[PDB]
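Worksheet for the structure shown next.
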Amino acid sequence: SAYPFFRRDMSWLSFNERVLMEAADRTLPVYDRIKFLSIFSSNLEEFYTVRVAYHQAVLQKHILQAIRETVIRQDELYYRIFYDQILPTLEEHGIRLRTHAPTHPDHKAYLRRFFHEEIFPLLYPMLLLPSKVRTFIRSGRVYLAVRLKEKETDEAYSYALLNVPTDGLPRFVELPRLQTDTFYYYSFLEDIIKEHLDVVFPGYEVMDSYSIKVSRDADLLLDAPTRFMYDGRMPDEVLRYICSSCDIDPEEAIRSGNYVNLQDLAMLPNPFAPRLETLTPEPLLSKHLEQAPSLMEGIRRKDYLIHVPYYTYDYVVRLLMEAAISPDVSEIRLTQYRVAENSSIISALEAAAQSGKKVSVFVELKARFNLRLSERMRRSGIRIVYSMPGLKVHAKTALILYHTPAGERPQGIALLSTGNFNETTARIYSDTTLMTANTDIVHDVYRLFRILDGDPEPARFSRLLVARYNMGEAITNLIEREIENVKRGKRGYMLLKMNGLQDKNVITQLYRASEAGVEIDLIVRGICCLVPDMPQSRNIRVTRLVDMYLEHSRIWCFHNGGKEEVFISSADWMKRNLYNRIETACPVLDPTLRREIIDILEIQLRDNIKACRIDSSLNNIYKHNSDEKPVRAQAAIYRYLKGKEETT
Amino acid sequence: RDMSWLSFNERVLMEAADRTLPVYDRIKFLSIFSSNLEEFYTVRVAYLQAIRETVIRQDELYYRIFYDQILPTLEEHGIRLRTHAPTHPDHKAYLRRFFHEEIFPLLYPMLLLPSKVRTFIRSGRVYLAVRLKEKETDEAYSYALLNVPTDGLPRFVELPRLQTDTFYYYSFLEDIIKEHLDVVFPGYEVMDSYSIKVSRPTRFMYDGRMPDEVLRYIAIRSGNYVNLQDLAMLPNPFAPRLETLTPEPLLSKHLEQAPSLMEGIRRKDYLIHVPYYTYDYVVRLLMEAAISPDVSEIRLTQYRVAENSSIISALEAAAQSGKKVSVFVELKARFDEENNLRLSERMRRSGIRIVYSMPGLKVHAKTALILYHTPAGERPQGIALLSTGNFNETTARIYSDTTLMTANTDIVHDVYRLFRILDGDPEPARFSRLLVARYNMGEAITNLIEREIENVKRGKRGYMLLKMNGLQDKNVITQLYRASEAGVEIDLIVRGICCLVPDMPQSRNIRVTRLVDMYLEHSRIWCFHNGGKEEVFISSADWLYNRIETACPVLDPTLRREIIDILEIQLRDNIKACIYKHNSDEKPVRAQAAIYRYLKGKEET
């Protein structure tokens with residue numbers, strides 16, 4: 001009906017604004033902020049190469065103008081933070097990231113040597129004669145466009161392109177130091193190059209150079225560029241001089257600040273070891289699990305919930321290793337985003353397959369995405385099955401099966417999760433993992449993998465929710481039940497946390513639930529297309545929580561009068577999630593476990609330090625409140641969980 | 001000396017010429033010749049007329065093998081390495097797409113303007129000097145330089161194939177650039193291009209078809225292809241059907257049929273010789289250690305931390321099982337990439353302790369140690385792994401190395417102690433059997449030499465057998481001279497750079513063999529005759545005061561027999577290297593194939 005919806009990209013840009021804000025948070029240790037600057041840059045790179053590109057491919061066959069307008073604004077904010085706060089704060093703590101060329105003799109002597117012995121051999125000085133010689137400018141790299149005037153006083157300017165060899169040198173170059181010195185010194189690689197251009201072009205007067213960067217859909221030449229970003233001091237004559245070979249309208253050209261590709265800030269060294277950066281605490285264990293005779297025995301006796309970064313990642317692989325050398329185990333089956341890197345998990349699985357046990361890995365990746373690693377695994381006896389086009393398996397489940405009679409119920413352990421088991425990222429992910437021996441779940445997971453492995457099985461699950469099967473109905477039923485309850489004069493409440501909410505249908509149901517008097521708390525960090533503070537969303541509160549850990553859990557709580565039901569999911573509610581992929585959602589059956597999740601989510605909804613509420617103009621508004629005691633959810637959750645573990 | 005080892009490189013080229021050898025074997029020898037003539041020209045010529053005459057006719061020998069024999073032979077076995085652009089449309093289409101999508105974005109076309117703009121030429125890299133006319137009218141020439149981006153792409157490009165096709169098709173990377181020059185220079189009639197290659201600017205191998213004026217626009221003129229040592233990289237479509245460099249990896253069938261590897265080692269010492277055997281035992285043993293409840297800790301030396309390997313995944317698994325896992329890496333890169341940082345961070349997150357070599361004492365000793373749990377002030381009991389090579393095999397050229405796997409209580413305690421010395425722990429620095437560089441090693445070697453000299457003075461035979469990569473040190477060359485005059489017989493098996501001259505008053509007793517074979521002989525072994533009660537050493541280096549090195553005695557008699565057997569195969573007469581009587585009626589073989597036949601035989605006993 002007549003329902004409002006944010007555009008998804010505007011909503012996305014709102015998210016990256018909040019990332020930029022972490023950088024502006026002066027209460028945070030500098031390197032925390034620097035990390036977020038880098039993240040912001042890498043996110044906007046991804047957005048450009050898939051999302052802006054998409055809209056550019058459509059406009060061949062306003063959104064684009066809106067993006068550009070917003071990005072130009074965010075860019076200005078970025079440089080204000082960088083020059084007015086970051087660089088100054090670094091100096092307050094003895095770090096000098098030089099933005100101009102050193103005057104100090106020793107530093108000069110050093111860099112001149114460095115340029116000569118280390119940089120220069122990695123250069124490729126390219127004169128640009130546009131119609132005469134063709135040249136490529138690779139994406140994700142930084143290049144210097146140099147303007148040259150020769151011997152003759154003639155106005156005619158020459159132009160040259162050179163590389164900043166960050167494929168062979170660091171972006172940031174440390175300058176030698178004495179303990180008596182006030183600072184540690186750093187220089188941009190491209191700055192050093194700028195300061196020595198005269199040796200590269202001896203027969204010219206080097207007029208100026210400007211940093212450029214191009215993002216493109218892929219690095220290729222056409223057979224007979226989503227972004228072209230450059231230092232704003234650059235005259236258009238030289239722009240149209242590289243456009244003289246690129247056919248690039250002033251639409252993709254965005255003039256920006258003096259340093260580009262600043263996602264490399266993630267590479268800026270902190271010479272004060274653990275200082276200048278929030279120390280992440282030591283990951284907790286479960287005492288209960290630890291004091292069982294073996295891990296598999298523990299899960300056989302009780303369900304466990306593991307909340308990671310707070311708890312270790314170690315339980316998945318430890319369990320896998322137990323299972324490897326156990327006589328009782330017939331098979332192990334799990335999902336994996338890719339098989340490309342070596343991992344503990346792969347190793348535990350290889351051991352198991354070599355121990356004769358049936359080992360299957362269902363991998364959600366593509367046609368044209370490793371080869372040696374897969375063959376090593378197959379040789380070990382592991383089986384690897386891919387999602388052939390249509391449904392890609394986004395589900396995050398593992399399965400350990402015991403030897404059982406014949407027509408008996410499968411017995412074993414199911415592991416279900418909001419993210420991947422393999423920790424392989426520099427950013428730390430907050431995620432939630434259920435470990436259960438429950439015979440209904442274990443059977444459902446059992447059945448799921450047979451279905452994914454193409455075997456005949458009835459499309460029917462006891463407790464599990466699978467996408468393109470029972471999940472759509474279940475989500476509708478659950479929401480509807482809250483609507484009904486309000487009409488019976490009972491409380492109607494929902495607590496919903498995910499990375500993204502974008503699906504028009506589910507959003508419309510939510511609006512109808514609000515209209516019906518159902519109260520809704522949404523905790524959504526990324527894209528949200530539901531628009532808050534509206535008549536149709538009058539009973540909805542929208543919280544975006546962004547902090548050091550990536551809030552990646554997907555969790556659903558339906559009040560149901562007071563017989564609360566909690567689900568853990570692999571899916572956000574996008575269009576592609578509820579229809580294209582195979583996903584999972586799982587009921588948390590154990591009451592104390594369900595209670596914990598709600599406790600945690602309540603901690604999140606109580607956050608007054610990082611949490612932001614969204615308004616109808618897509619603004620990130622901090623939920624700060626001096627009157628109440630300060631609570632930041634990522635600190636508090638750790639204290640809560642550590643608390644309970646001392647109560648063993 | 002130099003005339004003799006230029007005639008050593010003659011003997012390699014001789015093998016390549018050998019028309020009864022399998023094509024890819026011949027191709028690998030040509031490849032060895034090209035890498036050897038190179039090394040010469042950095043360590044010998046840079047350090048002149050007498051060189052040129054004999055080299056330039058070898059260069060003529062080489063190219064004759066290559067063009068007249070190697071190329072058609074491949075064709076005859078259904079391998080088509082083209083020297084020209086394809087006429088076949090499918091191929092023509094492919095390379096054109098390949099050029100645009102893969103090669104072009106990796107290109108840096110630079111017009112050469114010699115005094116206006118300065119530019120560097122990287123050594124070891126192949127470039128294309130390109131000669132341009134902007135129009136056929138001009139008569140004069142523009143010039144340009146082009147990279148051949150073999151750092152991002154292979155030197156030989158395979159063209160797509162149908163099972164029905166007669167051949168496998170390959171093209172040189174630079175030739176594809178040659179054919180597509182006009183996309184790079186649309187404004188010119190692209191007159192020519194020539195392969196160039198520099199050494200350092202001491203040398204300048206280049207395409208002989210190149211004029212000197214363009215040479216002056218920036219010197220040993222050769223054929224149409226430079227850096228032909230790349231011919232090793234050229235793949236063999238037919239598994240191991242046309243080579244000998246990859247026979248079936250051997251298993252230790254005894255160890256294979258023990259109830260576990262850890263059980264096996266616990267009961268007997270084992271030797272593992274690589275290419276010959278599987279590389280898997282170390283990884284598989286490490287995994288057994290990772291799942292085992294008995295294992296208390298795992299220590300290991302590493303060169304760098306760079307590759308995320310099977311071994312890393314294992315140690316991670318061990319650390320996550322709660323075991324102490326420390327890793328001793330000797331070099332940290334200066335211009336640190338994030339992939340190093342990421343891998344190391346993941347390992348740190350997993351429980352693994354990265355400990356970098358504390359100054360001076362870089363560990364070069366490539367060892368591992370698996371420790372069990374033991375009662376009180378008990379002796380450390382476990383497994384120790386000591387090797388001649390690096391634990392992480394990420395090689396292009398194939399190295400042969402030897403690994404001891406022992407649970408011997410003396411060595412295990414010795415390796416234990418060594419790690420604690422590397423872990424900066426104050427320790428009673430006294431090793432029972434092991435010999436450690438800035439500790440007992442120099443004294444011990446000296447005695448070992450002085451016991452043979454002693455034995456000569458006692459009327460008994462004095463004998464040493466040493467296998468080495470090379471021997472530079474003056475003090476020890478003279479130490480070997482000291483033993484030589486004092487009546488001690490000496491065998492030197494070496495490969496690379498060595499300056500000890502034979503055939504003199506101080507070297508009548510020093511014979512020096514240099515093997516002519518495919519794998520890089522990396523083992524470093526010391527054999528002391530000791531009046532017939534023989535002593536053998538596995539060693540991490542060759543002759544002692546800079547880093548920390550290890551020499552390990554081979555205590556087990558049968559393993560000592562084994563190594564001596566191997567070494568002696570490398571010393572026999574029917575094997576290719578360089579009063580008595582025999583005839584010219586036995587077919588010479590290669591040491592490595594003989595060694596393989598030997599180790600295979602041993603296993604099926």
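So you can find residues: chains in the structure tokens are A, B, ... in the order shown, residues in each start at 1, and ligands are numbered from 1 in order.
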
key: All residues 10 Å or closer to residue 29 of chain A, only C-alpha atoms, same chain fewer than 5 positions away omitted, as a list in words   =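 Here the qualifying residues turn out to be residues 23, 34, 89, 275, 276, 277, 278 and 279 of chain A.
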
Export, as a PDB file, in the first residue's frame, the selected residues with C-alpha atoms.
```
ATOM      1  CA  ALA A  23      36.747   8.156  13.109  1.00  0.00           C
ATOM      2  CA  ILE A  34      42.492   5.529  11.912  1.00  0.00           C
ATOM      3  CA  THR A  89      46.395  13.789  17.602  1.00  0.00           C
ATOM      4  CA  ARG A 275      49.277   1.793  23.508  1.00  0.00           C
ATOM      5  CA  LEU A 276      47.184   4.220  21.384  1.00  0.00           C
ATOM      6  CA  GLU A 277      44.650   1.370  20.667  1.00  0.00           C
ATOM      7  CA  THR A 278      41.874  -0.361  22.655  1.00  0.00           C
ATOM      8  CA  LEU A 279      43.123  -3.626  24.056  1.00  0.00           C
TER       9      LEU A 279
END
```

inquiry  = as a PyMOL selection string, please: the residues near segment 110-124 of chain A (cut-off 8 Å, only C-alpha atoms, same-chain neighbours under 2 positions excluded).
reply    = (chain A and resi 106-108+126+162-165+168-169+175-176+192-193+196) or (chain B and resi 108+110+119-122)

Let me see the file: selected residues, C-alpha atoms, as an mmCIF file, in the first residue's frame.
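Written file, again_4.cif:
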```cif
data_model
loop_
_atom_site.group_PDB
_atom_site.id
_atom_site.type_symbol
_atom_site.label_atom_id
_atom_site.label_comp_id
_atom_site.auth_asym_id
_atom_site.auth_seq_id
_atom_site.Cartn_x
_atom_site.Cartn_y
_atom_site.Cartn_z
ATOM 1 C CA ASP A 106 69.387 13.744 7.943
ATOM 2 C CA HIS A 107 65.870 12.841 6.859
ATOM 3 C CA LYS A 108 66.545 14.516 3.488
ATOM 4 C CA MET A 126 55.663 7.078 -18.825
ATOM 5 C CA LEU A 162 54.248 7.296 -13.050
ATOM 6 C CA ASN A 163 53.612 4.436 -10.652
ATOM 7 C CA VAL A 164 53.772 4.439 -6.905
ATOM 8 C CA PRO A 165 55.245 0.968 -6.372
ATOM 9 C CA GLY A 168 56.985 -3.555 -3.648
ATOM 10 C CA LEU A 169 57.270 -0.863 -0.965
ATOM 11 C CA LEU A 175 62.493 7.831 8.726
ATOM 12 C CA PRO A 176 65.450 7.032 11.024
ATOM 13 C CA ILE A 192 59.014 10.965 -1.651
ATOM 14 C CA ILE A 193 58.547 10.408 -5.376
ATOM 15 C CA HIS A 196 62.672 13.631 -6.581
ATOM 16 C CA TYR B 108 54.146 0.117 -18.724
ATOM 17 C CA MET B 110 57.632 4.014 -21.935
ATOM 18 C CA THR B 119 64.796 5.220 -16.461
ATOM 19 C CA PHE B 120 65.913 2.004 -14.788
ATOM 20 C CA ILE B 121 66.316 -1.469 -16.263
ATOM 21 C CA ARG B 122 65.748 -4.233 -13.692
#
```

inquiry  = DSSP on the backbone: which residues in segment 408-468 of chain A end up as strand (DSSP E or B)? Give the answer as number ranges by chain.
reply    = A: 412-417, 429-436, 465-466

Keeping only C-alpha atoms, write those residues as a CSV table (one decimal), in the first residue's frame.
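In the end it all went to result_38.csv:
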```csv
chain,number,residue,atom,x,y,z
A,412,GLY,CA,24.9,-36.5,16.9
A,413,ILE,CA,25.8,-32.8,17.1
A,414,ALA,CA,24.6,-29.9,15.1
A,415,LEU,CA,26.5,-26.6,15.1
A,416,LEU,CA,24.5,-23.6,13.8
A,417,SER,CA,25.8,-20.1,13.4
A,429,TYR,CA,33.3,-10.2,13.9
A,430,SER,CA,30.7,-10.6,16.7
A,431,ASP,CA,28.7,-13.8,15.9
A,432,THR,CA,26.6,-16.4,17.7
A,433,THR,CA,26.9,-20.2,17.6
A,434,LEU,CA,24.5,-22.8,18.9
A,435,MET,CA,25.8,-26.3,19.7
A,436,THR,CA,23.1,-28.9,20.2
A,465,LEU,CA,13.8,-23.0,9.3
A,466,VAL,CA,15.2,-23.3,5.8
```

Determine, for each residue of chain B having at least one atom at most 6 Å from an atom of chain A, the closest pair of atoms and their separation in Å to one decimal, counting only C-alpha atoms; order by chain and ascending number, as a tab-separated table.
```
residue	atom	partner	partner_atom	distance
B:100	CA	A:221	CA	5.1
B:101	CA	A:220	CA	4.4
B:105	CA	A:136	CA	5.7
B:110	CA	A:126	CA	4.8
B:116	CA	A:203	CA	3.8
B:117	CA	A:201	CA	4.3
B:118	CA	A:200	CA	5.0
B:120	CA	A:121	CA	5.5
B:184	CA	A:134	CA	5.0
B:185	CA	A:133	CA	4.4
B:186	CA	A:132	CA	5.7
B:187	CA	A:132	CA	3.7
B:313	CA	A:344	CA	4.8
B:317	CA	A:344	CA	5.0
B:320	CA	A:314	CA	5.6
B:321	CA	A:318	CA	5.9
B:335	CA	A:170	CA	5.5
```

Could you take the residues named above and write them with C-alpha atoms, as a compact mmCIF listing (two decimals), in the first residue's frame?
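Output below, filename selection_15.txt:
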```txt
# COMPACT_ATOMS: atom_id res chain seq x y z
CA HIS B 100 43.84 -7.16 -23.64
CA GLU B 101 42.48 -8.58 -20.40
CA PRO B 105 46.92 -3.92 -17.74
CA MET B 110 57.63 4.01 -21.94
CA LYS B 116 65.16 14.10 -21.21
CA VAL B 117 63.73 11.31 -19.07
CA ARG B 118 65.76 8.85 -17.00
CA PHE B 120 65.91 2.00 -14.79
CA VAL B 184 50.09 -0.29 -27.45
CA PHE B 185 51.38 2.06 -30.13
CA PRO B 186 48.41 3.02 -32.32
CA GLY B 187 50.23 6.15 -33.58
CA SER B 313 47.21 -25.04 10.00
CA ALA B 317 45.21 -26.80 15.54
CA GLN B 320 43.82 -24.41 19.82
CA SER B 321 43.82 -27.87 21.44
CA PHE B 335 58.70 -3.38 3.91
```

note = Computed gap from atom CA of residue 521 of chain B to atom CA of residue 410 of chain B is 29.0 Å

key: Shell of 9 Å around residue 134 of chain B, only C-alpha atoms, local chain residues under 5 positions omitted, as number ranges by chain   = A: 132; B: 141-142, 187-190

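Of the residues under consideration (A:90, A:359, A:299, A:633), A:633 shows the shortest atom-to-atom contact distance to residue 604 of chain A when counting only C-alpha atoms.
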
Distance of atom CA of residue 534 of chain A from atom CA of residue 617 of chain A, expressed in Å to one decimal place =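 That distance, rounded to one decimal, is 11.1 Å.
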
ask   = Which polymer residues have any atom within 12 Å of an atom of residue 395 of chain B, counting only C-alpha atoms, with same-chain residues fewer than 2 positions away left out, as a list in words?
value = residues 233, 275, 307, 389, 390, 391, 392, 393, 397, 398, 399, 400, 519 and 520 of chain B

query = Which distance in Å separates atom CA of residue 499 of chain A and atom CA of residue 572 of chain A, to one decimal?
reply =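 A separation of 6.0 Å between them.
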
Nearest to residue 561 of chain B by atom-to-atom distance, counting only C-alpha atoms, from B:30, B:333, B:527, B:214 = B:527

task = Write out as a list in words which residues come within 12 Å of residue 322 of chain B when counting only C-alpha atoms, dropping same-chain ones fewer than 5 positions away.
result = residues 285, 290, 312, 314, 315, 317 and 318 of chain A; 289, 290, 291, 292, 293, 294, 295, 296, 297, 298, 315, 316, 317, 350, 351 and 352 of chain B

Take the residues that were just selected and, keeping N, CA and C atoms, output them as an mmCIF file, in the first residue's frame.
```cif
data_model
loop_
_atom_site.group_PDB
_atom_site.id
_atom_site.type_symbol
_atom_site.label_atom_id
_atom_site.label_comp_id
_atom_site.auth_asym_id
_atom_site.auth_seq_id
_atom_site.Cartn_x
_atom_site.Cartn_y
_atom_site.Cartn_z
ATOM 1 N N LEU A 285 36.296 -18.863 28.236
ATOM 2 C CA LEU A 285 35.921 -20.235 27.963
ATOM 3 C C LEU A 285 34.626 -20.520 28.692
ATOM 4 N N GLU A 290 34.425 -27.139 29.675
ATOM 5 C CA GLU A 290 35.806 -27.505 29.973
ATOM 6 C C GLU A 290 35.909 -28.619 31.005
ATOM 7 N N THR A 312 36.234 -17.925 22.834
ATOM 8 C CA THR A 312 37.153 -18.359 21.775
ATOM 9 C C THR A 312 36.419 -18.864 20.565
ATOM 10 N N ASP A 314 37.798 -21.508 19.341
ATOM 11 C CA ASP A 314 38.430 -22.826 19.383
ATOM 12 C C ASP A 314 37.514 -24.041 19.503
ATOM 13 N N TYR A 315 36.283 -23.838 19.939
ATOM 14 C CA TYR A 315 35.419 -24.973 20.191
ATOM 15 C C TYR A 315 35.018 -25.736 18.945
ATOM 16 N N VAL A 317 36.783 -26.249 16.077
ATOM 17 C CA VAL A 317 37.872 -27.106 15.600
ATOM 18 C C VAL A 317 38.272 -28.206 16.611
ATOM 19 N N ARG A 318 38.334 -27.853 17.895
ATOM 20 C CA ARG A 318 38.483 -28.806 18.999
ATOM 21 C C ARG A 318 37.472 -29.956 18.912
ATOM 22 N N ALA B 289 50.342 -35.079 16.410
ATOM 23 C CA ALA B 289 50.732 -34.358 17.607
ATOM 24 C C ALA B 289 49.660 -33.368 18.067
ATOM 25 N N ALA B 290 48.943 -32.778 17.114
ATOM 26 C CA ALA B 290 47.891 -31.806 17.412
ATOM 27 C C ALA B 290 46.663 -32.446 18.074
ATOM 28 N N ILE B 291 46.244 -33.613 17.581
ATOM 29 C CA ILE B 291 45.147 -34.357 18.212
ATOM 30 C C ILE B 291 45.536 -35.155 19.469
ATOM 31 N N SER B 292 46.814 -35.495 19.625
ATOM 32 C CA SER B 292 47.227 -36.347 20.753
ATOM 33 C C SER B 292 47.104 -35.659 22.103
ATOM 34 N N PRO B 293 46.439 -36.327 23.058
ATOM 35 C CA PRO B 293 46.336 -35.841 24.437
ATOM 36 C C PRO B 293 47.678 -35.819 25.171
ATOM 37 N N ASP B 294 48.601 -36.690 24.761
ATOM 38 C CA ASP B 294 49.928 -36.803 25.377
ATOM 39 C C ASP B 294 50.868 -35.625 25.093
ATOM 40 N N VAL B 295 50.737 -35.026 23.913
ATOM 41 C CA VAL B 295 51.647 -33.952 23.497
ATOM 42 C C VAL B 295 51.425 -32.690 24.329
ATOM 43 N N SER B 296 52.500 -32.215 24.943
ATOM 44 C CA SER B 296 52.481 -31.042 25.804
ATOM 45 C C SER B 296 52.758 -29.780 25.016
ATOM 46 N N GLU B 297 53.750 -29.846 24.130
ATOM 47 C CA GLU B 297 54.070 -28.707 23.278
ATOM 48 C C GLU B 297 54.741 -29.030 21.934
ATOM 49 N N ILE B 298 54.838 -28.002 21.093
ATOM 50 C CA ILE B 298 55.391 -28.100 19.752
ATOM 51 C C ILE B 298 56.222 -26.864 19.431
ATOM 52 N N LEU B 315 49.872 -26.434 13.421
ATOM 53 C CA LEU B 315 50.356 -25.829 14.645
ATOM 54 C C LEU B 315 49.261 -24.989 15.295
ATOM 55 N N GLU B 316 48.441 -24.359 14.452
ATOM 56 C CA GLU B 316 47.247 -23.654 14.895
ATOM 57 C C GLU B 316 46.336 -24.639 15.612
ATOM 58 N N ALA B 317 46.045 -25.762 14.948
ATOM 59 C CA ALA B 317 45.214 -26.804 15.541
ATOM 60 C C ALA B 317 45.783 -27.280 16.868
ATOM 61 N N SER B 350 45.445 -17.786 17.417
ATOM 62 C CA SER B 350 45.239 -19.222 17.601
ATOM 63 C C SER B 350 45.978 -19.808 18.802
ATOM 64 N N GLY B 351 46.877 -19.029 19.389
ATOM 65 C CA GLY B 351 47.644 -19.486 20.547
ATOM 66 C C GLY B 351 49.134 -19.584 20.282
ATOM 67 N N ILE B 352 49.518 -19.506 19.009
ATOM 68 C CA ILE B 352 50.897 -19.727 18.589
ATOM 69 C C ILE B 352 51.763 -18.532 18.916
#
```

All residues 7 Å or closer to residue 205 of chain A, only C-alpha atoms, same chain fewer than 2 positions away omitted, as an MDAnalysis selection string = chainID A and resid 148:150 207

query = So which residues touch residue 170 of chain B within 6 Å, counting only C-alpha atoms, skipping near sequence neighbours fewer than 3 positions away, as a list in words?
reply = residues 81, 157 and 158 of chain B

note = Of B:250, B:13, B:355, B:498, the one nearest to residue 34 of chain B when counting only C-alpha atoms is B:13

message = as a PyMOL selection string, please: every residue in segment 137-350 of chain B that DSSP puts in alpha helix (DSSP H).
response = chain B and resi 173-184+212-215+253-256+261-267+280-291+310-320+338-350

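Distances to residue 644 of chain A were evaluated for A:229, A:42, A:628, A:288 using only C-alpha atoms, and the minimum falls at A:288.
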
task = Identify which of the residues B:344, B:244, B:7, B:260 lies closest to residue 596 of chain B, counting only C-alpha atoms when measuring atom-to-atom distances.
result = B:244
